[PDB]
Amino acid sequence: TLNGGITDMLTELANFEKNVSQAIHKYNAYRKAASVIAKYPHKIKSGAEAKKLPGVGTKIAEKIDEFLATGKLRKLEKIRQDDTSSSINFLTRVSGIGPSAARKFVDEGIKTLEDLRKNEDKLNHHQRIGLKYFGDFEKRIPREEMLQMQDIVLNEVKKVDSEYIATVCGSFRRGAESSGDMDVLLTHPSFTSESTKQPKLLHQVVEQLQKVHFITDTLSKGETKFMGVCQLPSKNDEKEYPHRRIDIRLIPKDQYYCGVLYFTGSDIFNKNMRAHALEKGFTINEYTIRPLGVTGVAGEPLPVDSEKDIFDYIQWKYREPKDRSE
DNA sequence: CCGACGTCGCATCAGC
DNA sequence: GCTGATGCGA
DNA sequence: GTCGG
Ligand SMILES: Nc1ccn([C@H]2C[C@H](O)[C@@H](COP(=O)(O)NP(=O)(O)OP(=O)(O)O)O2)c(=O)n1
Ligand SMILES: [Mn+2]
Ligand SMILES: [Mn+2]
Ligand code: NA
Ligand code: NA
């Protein structure tokens, strides 16, 4: 983290633009700049040095000059002082509360943690669970706990049906020493792009993880995606582990490589890779890579037998999971 | 200069 | 009820 | 907010 001060600054600008301004492309611009600067292997000494980097334009270069000369940015100094901004920015930290609801809550004079706790009846289910575990969801997960969680998820899934394959993705698969949550990719032979021979494939798994008190709460759930809450079991007289977010994605088994590419991330890596695909005239989702007809209309799914196959189509040298952390 | 900028799942609402 | 848009999230 | 064409 040679340039921690700069990337911190930009990320806070990105978060302001998303949460307060509701300007998503500015949020994306700041995040790209932050990402490209994070991996730049020199300590940056000027706005002009940084502007060489793609994603760093004129405006951000000027901010880096100010930041480097003073250690602060007056634009942020002011945002930090603004009641409305700070309130809105804070409320969005609760899972299920985004920019729209946070500004609406603020409009009704709900703007502190205490105000949320008194107005639980004004929250939807997701927001209510997010409020409940606000404290725990602030804490990161040590990789060592991630390994214990992996153990449990894989063994419980096996007990439901040995032909399930469960794969932990996200920052875990990228080798991170701590993660924000756990991401689990699920496949089963009965669910392919061509047919769903068995129903409740995700539900049965979720049910089992609840039965053993691993999954404690549900934020959302359908046939292919689960979002919820889980907790490691603790020992006698031990303090309980924090509750953790968990996401599960059931992917058609024949489309595992697109699915694991997607769920491994990072989010910025996926966005840049999909953008680059479009420049090369392909489109990538979690299921397929497809060519773009001169029209614009996507064509038929191309054969894919490895993650690398996907990289090969768009003329990118392969990158290991641990190197996709943009 | 200029829009053109990843892709999709589930919850909730509006309009019918 | 269904359809399609909006919010929030992966 | 950036920038390719
Ligand atoms: N905007 C987003 C968010 C998520 N992702 C897909 C890939 C991200 O790695 C991933 C899993 O989402 P995530 O859990 O929110 N982030 P990730 O696991 O990479 O890092 P953590 O903050 O969980 O440690 O899903 C995406 O493609 N676009
Ligand atoms: Mn994750
Ligand atoms: Mn996740
Ligand atoms: Na640049
Ligand atoms: Na939120």
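Hydrogens, waters and symmetry mates are skipped; everything else that's a heavy atom, side chains included, is used. To find a chain, count down the sequence lines: A is the first, B the second, and so on, and within it residues start at 1.
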Please say whether more than 12 non-hydrogen atoms of neighbouring residues, nucleotides or ligands are located less than 6.0 Å from CD in A:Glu300. no

Once you apply a heavy-atom cut-off of 4.0 Å, does A:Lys221 come out as touching a base, just sugar-phosphate, or nothing? sugar-phosphate

Going hydrophobic residue to hydrophobic residue with side-chain gaps under 4.5 angstrom, can you get from A:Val157 over to A:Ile165? no

Can you tell me if CD on A:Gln22 sees more than 12 non-hydrogen neighbours from other groups inside 6.0 Å? yes

May I ask you to classify the sugar pucker of C:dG1 as north or south from its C1'-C2'-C3'-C4' sign? north

By the definition side-chain contact (heavy atoms from CB on, under 4.5 Å), identify the one residue from A:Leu278, A:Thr288, A:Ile289 that meets it with A:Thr283. A:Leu278

Report the nucleotide, chosen from D:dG1, B:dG6, B:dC8, that has the shortest atom-to-atom distance to any side-chain atom of A:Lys59. D:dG1

Please say whether the positively charged group of A:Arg249, taken as NZ for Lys or CZ for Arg, lies over the ring of A:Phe226, i.e. under 6.0 angstrom from the six-membered ring centre and within 45 degrees of the axis. no

D:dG1 and B:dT7: how far apart are their P atoms, nearest whole angstrom? 25 Å

Measure the CD-CD distance between A:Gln150 and A:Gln148 for me, rounded to the nearest 0.5 Å. 11.5 Å

Going 5' to 3' through nucleotides 2-10 of chain C and flagging B where a protein heavy-atom sits under 4.0 Å of the base, S where only the sugar-phosphate is that close, and - otherwise, we get -----SSSB

Measure the shortest side-chain to side-chain distance between A:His42 and A:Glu49 over non-hydrogen atoms and say whether it is less than 4.5 angstrom. yes

Quick one: label A:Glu223 by what it contacts on the DNA or RNA (base, sugar-phosphate, nothing), any heavy atom closer than 4.0 Å. sugar-phosphate

Return no unless some side-chain N or O of A:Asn285 is found under 4.0 Å from OP1 or OP2 of B:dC8. yes

If you count the non-hydrogen atoms of other residues, nucleotides and ligands that lie under 6.0 Å from CD in A:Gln81, is the total more than 12? no

Round to a whole Å and report the spacing from CG of A:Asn272 to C1' of B:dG6. 10 Å

P-based separation of D:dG4 from B:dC5 [nearest Å]: 15 Å

A:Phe134-A:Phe90 aromatic ring centre distance below 6.0 Å: yes

Can you tell which of B:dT7, D:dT2, B:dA11 lies closest to the side chain of A:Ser220? B:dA11

Would one find a side-chain N or O of A:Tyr27 under 4.0 angstrom from OP1 or OP2 of D:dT2? no

Run through DNA chain B and report every stem of 3 or more consecutive Watson-Crick or G-U pairs, distances under 3.5 Å, ordered by first number. B:3-5 with D:1-3, B:7-16 with C:1-10

The side chain of A:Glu286 lies closest to which of these nucleotides: D:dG1, B:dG9, B:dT12? B:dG9

